[PDB]
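First up is the structure itself, then whatever we jot down about it.
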Amino acid sequence: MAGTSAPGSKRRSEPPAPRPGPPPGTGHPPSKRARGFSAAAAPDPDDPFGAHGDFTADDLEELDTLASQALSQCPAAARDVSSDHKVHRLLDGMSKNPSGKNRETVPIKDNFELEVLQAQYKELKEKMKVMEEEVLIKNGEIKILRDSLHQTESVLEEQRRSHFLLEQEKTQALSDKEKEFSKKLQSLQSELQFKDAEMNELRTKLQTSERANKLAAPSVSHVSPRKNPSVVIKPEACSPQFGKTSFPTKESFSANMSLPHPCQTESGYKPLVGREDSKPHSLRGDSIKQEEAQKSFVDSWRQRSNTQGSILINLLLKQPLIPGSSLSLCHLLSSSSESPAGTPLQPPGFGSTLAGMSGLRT
Amino acid sequence: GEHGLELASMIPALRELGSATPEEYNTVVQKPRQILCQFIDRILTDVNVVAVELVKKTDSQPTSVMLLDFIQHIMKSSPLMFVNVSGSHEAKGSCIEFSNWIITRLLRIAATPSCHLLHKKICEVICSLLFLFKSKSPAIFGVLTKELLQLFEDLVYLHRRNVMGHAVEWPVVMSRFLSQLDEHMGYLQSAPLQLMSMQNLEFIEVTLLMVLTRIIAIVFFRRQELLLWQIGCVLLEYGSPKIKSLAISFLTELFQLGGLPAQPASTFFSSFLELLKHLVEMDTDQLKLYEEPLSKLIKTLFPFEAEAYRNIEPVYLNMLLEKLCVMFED
Amino acid sequence: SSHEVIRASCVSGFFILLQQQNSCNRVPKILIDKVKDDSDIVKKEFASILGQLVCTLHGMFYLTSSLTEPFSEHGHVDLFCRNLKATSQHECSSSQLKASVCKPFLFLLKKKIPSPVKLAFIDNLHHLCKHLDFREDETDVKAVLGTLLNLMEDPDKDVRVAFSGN
């Protein structure tokens, strides 16, 4: 024996290098859309067996990302949107074949991320008809790593919400939180996928955000904000990113309630209470670190997230009644005001959210 | 009265906009705009419902339209007035729809920069694009943008900034250099749009053989971009631009002909080359075949070695990569 | 004790030389004095912390801002709770409760002595017990014993004892 199948992994990357030399061809990729059609030749042929086979490109290897790499080669240049439609027949066929690979025995996990790479690369309606295909074909009874690919389905819809009026966000407003009640759940990356599902909750706007959220999800997210530090671990940058995504996601109702204030909110102050203390669980802990120069950026990230939390500190107090607390979070609010007056002096930053938080924490 | 003084003092500012040859008079009107910055700190903020939300904010947008009108060449008061414009509705804890309108005001120029691919003229409208470059500092100063890009904001217009990097003159490229790097400083890993624009920036920087102020600003952007060089991106887009840098490694005499910051950015690119080496590889000889051209580029810097030593230190960092790749296993 | 009591009195001198400046500066030193745990006098340094945490209620602008943080630093010092972390500090903490109880003769026994039934309970809420009235009762019965109970400490205890229980 000269070498094992790692030489084939050295060949599949070299086949991805053949895909990369194909990606090193040129600009606009009608020929690679035809190769996506040549992929669609294979992609129609997979479920044509419908018996004990798989999508052979995904069944070739695991790390070989030619489904993304040819789509990366298909991201050559926009000519025009049928390249963003030609692999749609390659998309839903192997997706129904992955749906024909239901219960995910040993090869159906990696399909949805290839579909997500297909979702992220180019779909004019090649995602929207795929969303019209997935409306007829979707099963969400997921598991540990399958929670991530379900958020990869959530990664598609906001990416599909891009074009001119988002063109299917009202159709995505049908695809609502009716299956999204599976939090208090799997691990930190899945919690980052839940933060990605919260990034999907930082999406699906006033067509459905005034319906789906109702401030009982953010309290369930306030339980998740408790869970992200407690139900797992090793989320040092991950829960920091999950807070930083929640810093976007809690601020995703900024112009929403400041348009006509519908917002469906029942418990409008519970989630803002424990999370702002959970900010001080990291940011006053970073104000316990209290460094001036950033480490490289992980100090600069959470501090900008604290500068984002500075807006969040200005957020709830500007509308809702602050200091109407019962627990020792008001005693932590003074510690948050200790984190404030530290970081307010340490800001050298935007004076609007500085002086407002100087009247919010005080 | 408050609407009427806005129909008087901004009309007095329209009388100040009736003469733009300033000489500390429109700057005194900018001092009056600083007084209006105090007045926007005083009143006309957090006001009544949708009519009043459309009453003075559109009049402030009409003030922003006259601020959009007085572009050439008074960028000093304009960037100053953009700061109070950022300070206008931000403390109101509202009017982010007006900022989403200001996003659509920015997104209006995205079609115009797309139209610049078809037809473009008018250096004053390029000064209005330079007024929009002042809005790029204001988009950098938007600061709810990562909260706004969850609703598909200027993350989209980062491609319009990459389209501003497509139509990128030495004013417009440095305009494209900062705010994109600032948006890179905001977050990373957009959906593969600017990796295409990366080699459209990086290789075309070797094409740009003059305009050192654009080159220094690009190295200032490369100071963020080599900082943006990281192992959490598209798993194949990196190596091709790395090979495109290895393609650019055959021609780094212009990188030395550009005096210092480009060669420092090339050293930062060499630092990014070792940072690409600091990531996983998944291409065994292809890294080394790129490294042999890089060792030739190391020999090329060893060929013209009269000034540079940080490049030699980057070559020593490449030697630190080479010592790592010398005999590590056996 | 030749150093820390010379530094806690210096911290008291930092508290003496305080409008809020050293009271902001020694707040960092008091929160990092909790890092100097794991010693024989660390329970005395926790007593030096908790009396300063009792004195963190005194300035009550930047020190009460540090108080629950110091109680979290006491919780950071609480790797595992102990009886000396429960009991021997408590009468010493009640000695700080017996400090201001000397000058507690204001005409707010329904308010300030109930605030003394609250601010002591806030330190017990900083101790964060569920039976914080009844779990502190035998220590307070030992502490009201340590109180002279001549004229002012007695009814301030017994009505607060009538507040906390029957």
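Chain labels run A, B, ... following the order of the structure tokens; each chain numbers its residues from 1, and ligands are numbered from 1 in the order shown.
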Residues at most 12 Å from stretch 124-132 of chain C, counting only C-alpha atoms, excluding those fewer than 6 positions away in the same chain, as a PDB file with C-alpha atoms, in the first residue's frame?
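Okay, this is what ended up in selection_18.pdb:
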```pdb
ATOM      1  CA  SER A 326     -37.915  43.441  42.723  1.00  0.00           C
ATOM      2  CA  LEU A 327     -34.798  41.252  42.758  1.00  0.00           C
ATOM      3  CA  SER A 328     -31.156  42.228  43.309  1.00  0.00           C
ATOM      4  CA  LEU A 329     -30.778  43.090  39.623  1.00  0.00           C
ATOM      5  CA  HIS A 331     -28.538  46.086  43.116  1.00  0.00           C
ATOM      6  CA  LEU A 332     -26.690  44.783  40.071  1.00  0.00           C
TER       7      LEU A 332
ATOM      8  CA  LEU C  50     -17.829  42.645  54.582  1.00  0.00           C
ATOM      9  CA  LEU C  53     -19.289  45.992  52.263  1.00  0.00           C
ATOM     10  CA  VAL C  54     -21.349  47.116  55.229  1.00  0.00           C
ATOM     11  CA  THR C  56     -20.414  50.155  51.051  1.00  0.00           C
ATOM     12  CA  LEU C  57     -23.975  51.078  52.054  1.00  0.00           C
ATOM     13  CA  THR C  64     -23.209  50.572  46.918  1.00  0.00           C
ATOM     14  CA  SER C  66     -19.510  48.211  44.288  1.00  0.00           C
ATOM     15  CA  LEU C  67     -21.447  46.442  47.067  1.00  0.00           C
ATOM     16  CA  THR C  68     -23.301  43.682  45.208  1.00  0.00           C
ATOM     17  CA  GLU C  69     -20.212  43.461  43.002  1.00  0.00           C
ATOM     18  CA  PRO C  70     -18.209  42.996  46.189  1.00  0.00           C
ATOM     19  CA  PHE C  71     -20.916  40.562  47.254  1.00  0.00           C
ATOM     20  CA  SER C  72     -20.285  38.918  43.904  1.00  0.00           C
ATOM     21  CA  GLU C  73     -16.592  39.190  44.756  1.00  0.00           C
ATOM     22  CA  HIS C  74     -17.547  37.604  48.059  1.00  0.00           C
ATOM     23  CA  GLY C  75     -19.403  35.086  45.913  1.00  0.00           C
ATOM     24  CA  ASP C  78     -17.296  31.810  47.927  1.00  0.00           C
ATOM     25  CA  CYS C  81     -19.600  28.264  51.626  1.00  0.00           C
ATOM     26  CA  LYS C  85     -18.191  32.179  56.084  1.00  0.00           C
ATOM     27  CA  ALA C  86     -21.644  31.807  57.643  1.00  0.00           C
ATOM     28  CA  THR C  87     -21.425  32.430  61.389  1.00  0.00           C
ATOM     29  CA  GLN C  89     -18.324  36.842  60.282  1.00  0.00           C
ATOM     30  CA  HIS C  90     -22.042  37.340  60.947  1.00  0.00           C
ATOM     31  CA  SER C  93     -21.149  41.889  60.488  1.00  0.00           C
ATOM     32  CA  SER C  94     -23.803  42.436  63.141  1.00  0.00           C
ATOM     33  CA  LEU C  97     -24.992  46.558  62.410  1.00  0.00           C
ATOM     34  CA  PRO C 116     -32.399  48.776  59.638  1.00  0.00           C
ATOM     35  CA  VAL C 117     -34.640  45.730  59.295  1.00  0.00           C
ATOM     36  CA  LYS C 118     -33.998  46.137  55.543  1.00  0.00           C
ATOM     37  CA  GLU C 138     -30.065  32.903  66.474  1.00  0.00           C
ATOM     38  CA  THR C 139     -27.049  34.952  65.402  1.00  0.00           C
ATOM     39  CA  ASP C 140     -29.083  38.133  65.895  1.00  0.00           C
ATOM     40  CA  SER C 164     -38.965  39.603  60.530  1.00  0.00           C
ATOM     41  CA  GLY C 165     -41.051  37.107  62.525  1.00  0.00           C
TER      42      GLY C 165
END
```
Residues of chain A no more than 6 Å from chain C, counting only C-alpha atoms: send them over as a ChimeraX atom specification. /A:334-335,338
I need the residues from that last selection saved to file as a PDB file, in the first residue's frame (with C-alpha atoms), if you can.
```pdb
ATOM      1  CA  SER A 334     -25.830  49.950  40.429  1.00  0.00           C
ATOM      2  CA  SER A 335     -23.045  47.518  39.589  1.00  0.00           C
ATOM      3  CA  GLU A 338     -20.590  50.963  38.144  1.00  0.00           C
TER       4      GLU A 338
END
```
Determine which residues of stretch 10-148 of chain C receive a DSSP assignment of alpha helix (DSSP H), computed from the backbone, and state them as JSON, numbers by chain. {"C": [10, 11, 12, 13, 14, 15, 16, 21, 22, 23, 24, 25, 26, 27, 28, 29, 30, 31, 32, 33, 42, 43, 44, 45, 46, 47, 48, 49, 50, 51, 52, 53, 54, 56, 57, 58, 59, 63, 64, 65, 66, 67, 68, 69, 70, 71, 72, 73, 74, 75, 76, 77, 83, 89, 90, 91, 92, 93, 94, 95, 96, 97, 98, 99, 100, 116, 117, 118, 119, 120, 121, 122, 123, 124, 125, 126, 127, 137, 138, 139, 140, 141, 142, 143, 144, 145, 146]}
Neighbours of chain A in chain B at 6 Å, counting only C-alpha atoms, as a VMD selection string: chain B and resid 91 94 96 to 97 147 150 to 151
Residue selection dump (N, CA and C atoms) as a JSON list (two decimals), in the first residue's frame:
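Everything below was put into part.json:
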```
[["chain", "number", "residue", "atom", "x", "y", "z"],
["B", 91, "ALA", "N", -30.60, 60.29, 19.51],
["B", 91, "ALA", "CA", -31.01, 60.41, 20.90],
["B", 91, "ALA", "C", -32.52, 60.36, 21.09],
["B", 94, "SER", "N", -35.87, 56.66, 18.49],
["B", 94, "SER", "CA", -36.90, 56.51, 17.46],
["B", 94, "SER", "C", -36.27, 56.94, 16.15],
["B", 96, "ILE", "N", -35.52, 55.54, 13.45],
["B", 96, "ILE", "CA", -34.66, 54.66, 12.68],
["B", 96, "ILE", "C", -35.31, 54.27, 11.36],
["B", 97, "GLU", "N", -36.63, 54.43, 11.25],
["B", 97, "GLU", "CA", -37.28, 54.39, 9.95],
["B", 97, "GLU", "C", -36.82, 55.55, 9.08],
["B", 147, "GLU", "N", -27.08, 46.29, 13.92],
["B", 147, "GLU", "CA", -28.47, 46.04, 14.25],
["B", 147, "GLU", "C", -29.37, 46.26, 13.04],
["B", 150, "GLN", "N", -29.20, 43.22, 10.20],
["B", 150, "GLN", "CA", -30.10, 42.10, 10.43],
["B", 150, "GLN", "C", -31.39, 42.23, 9.63],
["B", 151, "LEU", "N", -31.80, 43.46, 9.31],
["B", 151, "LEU", "CA", -32.84, 43.72, 8.34],
["B", 151, "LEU", "C", -32.26, 44.06, 6.97]]
```
Do you know which residues are at most 10 Å from stretch 210-219 of chain B counting only C-alpha atoms, after dropping those on the same chain fewer than 2 positions away, and could you put them as a ChimeraX atom specification? /B:169-178,181,201-202,205-208,221-226,254,257-266,268
Serialized selection, N, CA, C and O atoms, as a tab-separated table (two decimals), in the first residue's frame:
```
chain	number	residue	atom	x	y	z
B	169	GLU	N	-12.20	55.96	-8.19
B	169	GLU	CA	-11.13	56.92	-8.44
B	169	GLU	C	-10.34	57.10	-7.15
B	169	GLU	O	-10.72	56.60	-6.10
B	170	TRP	N	-9.23	57.86	-7.22
B	170	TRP	CA	-8.34	58.01	-6.07
B	170	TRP	C	-9.02	58.74	-4.91
B	170	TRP	O	-8.62	58.57	-3.75
B	171	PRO	N	-10.04	59.54	-5.19
B	171	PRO	CA	-10.95	59.98	-4.14
B	171	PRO	C	-11.92	58.86	-3.76
B	171	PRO	O	-12.11	58.56	-2.58
B	172	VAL	N	-12.53	58.22	-4.76
B	172	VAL	CA	-13.60	57.26	-4.51
B	172	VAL	C	-13.08	55.95	-3.93
B	172	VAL	O	-13.79	55.31	-3.15
B	173	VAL	N	-11.87	55.53	-4.30
B	173	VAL	CA	-11.31	54.31	-3.73
B	173	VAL	C	-10.97	54.49	-2.26
B	173	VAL	O	-11.24	53.61	-1.45
B	174	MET	N	-10.37	55.63	-1.91
B	174	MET	CA	-10.08	55.92	-0.51
B	174	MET	C	-11.37	56.12	0.28
B	174	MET	O	-11.44	55.81	1.47
B	175	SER	N	-12.40	56.65	-0.38
B	175	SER	CA	-13.74	56.63	0.19
B	175	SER	C	-14.22	55.20	0.36
B	175	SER	O	-14.78	54.85	1.41
B	176	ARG	N	-14.00	54.37	-0.65
B	176	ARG	CA	-14.35	52.96	-0.54
B	176	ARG	C	-13.44	52.23	0.43
B	176	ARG	O	-13.83	51.20	0.99
B	177	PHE	N	-12.21	52.73	0.63
B	177	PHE	CA	-11.26	52.03	1.48
B	177	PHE	C	-11.68	52.07	2.95
B	177	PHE	O	-11.65	51.05	3.63
B	178	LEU	N	-12.10	53.24	3.42
B	178	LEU	CA	-12.26	53.44	4.86
B	178	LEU	C	-13.52	52.75	5.38
B	178	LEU	O	-13.44	51.92	6.29
B	181	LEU	N	-13.59	49.03	5.27
B	181	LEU	CA	-12.76	48.56	6.36
B	181	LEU	C	-13.43	48.82	7.70
B	181	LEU	O	-13.30	48.02	8.63
B	201	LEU	N	-9.67	44.60	-5.38
B	201	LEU	CA	-8.93	45.68	-4.74
B	201	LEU	C	-7.43	45.38	-4.74
B	201	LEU	O	-6.63	46.27	-5.06
B	202	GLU	N	-7.05	44.15	-4.39
B	202	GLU	CA	-5.65	43.84	-4.12
B	202	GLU	C	-4.81	43.83	-5.40
B	202	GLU	O	-3.75	44.47	-5.46
B	205	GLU	N	-4.63	47.15	-6.94
B	205	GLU	CA	-3.71	48.05	-6.25
B	205	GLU	C	-2.33	48.01	-6.87
B	205	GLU	O	-1.63	49.03	-6.91
B	206	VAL	N	-1.91	46.84	-7.35
B	206	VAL	CA	-0.67	46.76	-8.12
B	206	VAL	C	-0.83	47.46	-9.46
B	206	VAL	O	0.15	47.99	-10.00
B	207	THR	N	-2.04	47.45	-10.02
B	207	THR	CA	-2.30	48.20	-11.24
B	207	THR	C	-2.24	49.70	-11.00
B	207	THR	O	-1.70	50.43	-11.84
B	208	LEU	N	-2.77	50.17	-9.87
B	208	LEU	CA	-2.65	51.58	-9.53
B	208	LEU	C	-1.21	51.91	-9.17
B	208	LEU	O	-0.76	51.64	-8.05
B	221	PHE	N	-6.50	50.72	4.81
B	221	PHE	CA	-7.54	49.71	4.70
B	221	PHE	C	-6.95	48.31	4.79
B	221	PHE	O	-7.55	47.41	5.38
B	222	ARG	N	-5.76	48.13	4.21
B	222	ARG	CA	-5.07	46.85	4.34
B	222	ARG	C	-4.62	46.60	5.77
B	222	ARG	O	-4.47	45.44	6.17
B	223	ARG	N	-4.38	47.67	6.53
B	223	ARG	CA	-4.15	47.54	7.97
B	223	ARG	C	-5.35	46.93	8.66
B	223	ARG	O	-5.21	46.16	9.62
B	224	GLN	N	-6.55	47.26	8.19
B	224	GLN	CA	-7.73	46.54	8.65
B	224	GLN	C	-7.93	45.24	7.90
B	224	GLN	O	-8.48	44.29	8.47
B	225	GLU	N	-7.51	45.17	6.64
B	225	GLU	CA	-7.80	43.97	5.85
B	225	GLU	C	-6.87	42.83	6.21
B	225	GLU	O	-7.30	41.67	6.24
B	226	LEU	N	-5.60	43.12	6.47
B	226	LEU	CA	-4.74	42.09	7.03
B	226	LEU	C	-5.16	41.75	8.44
B	226	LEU	O	-4.98	40.62	8.89
B	254	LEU	N	7.03	47.04	-8.08
B	254	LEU	CA	6.13	48.18	-7.90
B	254	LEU	C	5.71	48.33	-6.45
B	254	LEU	O	5.45	49.45	-5.99
B	257	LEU	N	8.44	50.12	-5.40
B	257	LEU	CA	8.41	51.44	-6.01
B	257	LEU	C	7.41	52.35	-5.32
B	257	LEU	O	7.69	53.53	-5.12
B	258	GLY	N	6.25	51.82	-4.96
B	258	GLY	CA	5.46	52.44	-3.91
B	258	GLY	C	6.26	52.37	-2.62
B	258	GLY	O	6.75	51.30	-2.26
B	259	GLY	N	6.40	53.52	-1.95
B	259	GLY	CA	7.52	53.74	-1.05
B	259	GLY	C	7.48	52.83	0.17
B	259	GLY	O	8.28	51.89	0.28
B	260	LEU	N	6.55	53.07	1.09
B	260	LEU	CA	6.61	52.32	2.34
B	260	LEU	C	5.32	51.64	2.76
B	260	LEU	O	5.38	50.47	3.17
B	261	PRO	N	4.16	52.29	2.65
B	261	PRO	CA	2.96	51.75	3.28
B	261	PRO	C	2.41	50.57	2.50
B	261	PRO	O	1.85	49.64	3.07
B	262	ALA	N	2.58	50.60	1.18
B	262	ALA	CA	2.22	49.46	0.35
B	262	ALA	C	3.12	48.27	0.63
B	262	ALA	O	2.63	47.14	0.77
B	263	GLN	N	4.43	48.50	0.71
B	263	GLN	CA	5.36	47.43	1.07
B	263	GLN	C	5.10	46.94	2.49
B	263	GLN	O	5.25	45.75	2.78
B	264	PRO	N	4.69	47.85	3.38
B	264	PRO	CA	4.24	47.45	4.70
B	264	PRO	C	2.94	46.67	4.62
B	264	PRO	O	2.76	45.69	5.35
B	265	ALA	N	2.03	47.09	3.75
B	265	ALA	CA	0.81	46.32	3.54
B	265	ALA	C	1.11	45.01	2.84
B	265	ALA	O	0.46	44.00	3.10
B	266	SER	N	2.10	45.02	1.95
B	266	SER	CA	2.59	43.76	1.39
B	266	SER	C	3.24	42.91	2.46
B	266	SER	O	3.09	41.69	2.46
B	268	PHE	N	2.27	43.21	5.54
B	268	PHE	CA	1.03	42.77	6.18
B	268	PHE	C	0.35	41.69	5.37
B	268	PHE	O	-0.25	40.77	5.94
```
Would you list the contacts of residue B:320 as a PyMOL selection string, taking every protein, DNA or RNA residue within 12 Å and counting only C-alpha atoms, but skipping same-chain residues closer than 3 positions in sequence? chain B and resi 270-271+273-275+277-278+312-317+323-326+328
To one decimal in Å, tell me the separation between atom CA of residue A:102 and atom CA of residue A:54. 11.5 Å
List the spatial neighbours of stretch 155-161 of chain C as a ChimeraX atom specification - criterion: any atom at most 10 Å away, only C-alpha atoms, same-chain residues fewer than 5 positions off excluded. /C:101,104-105,109-110,112-118,133-134,137,140-141,143-144,147,149-150,166
Of the residues B:93, B:138, B:87, B:22, which is the one nearest to residue A:320, using only C-alpha atoms?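 Counting only C-alpha atoms, the residue closest to residue A:320 is B:93.
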Take atom CA of residue A:22 and atom CA of residue B:294 and report the distance between them in Å, one decimal. 23.3 Å
Tell me which protein, DNA and RNA residues are within 9 Å of residue B:117, counting only C-alpha atoms, leaving out same-chain ones fewer than 5 positions away, and put them as a PyMOL selection string. chain B and resi 112+163+166-167
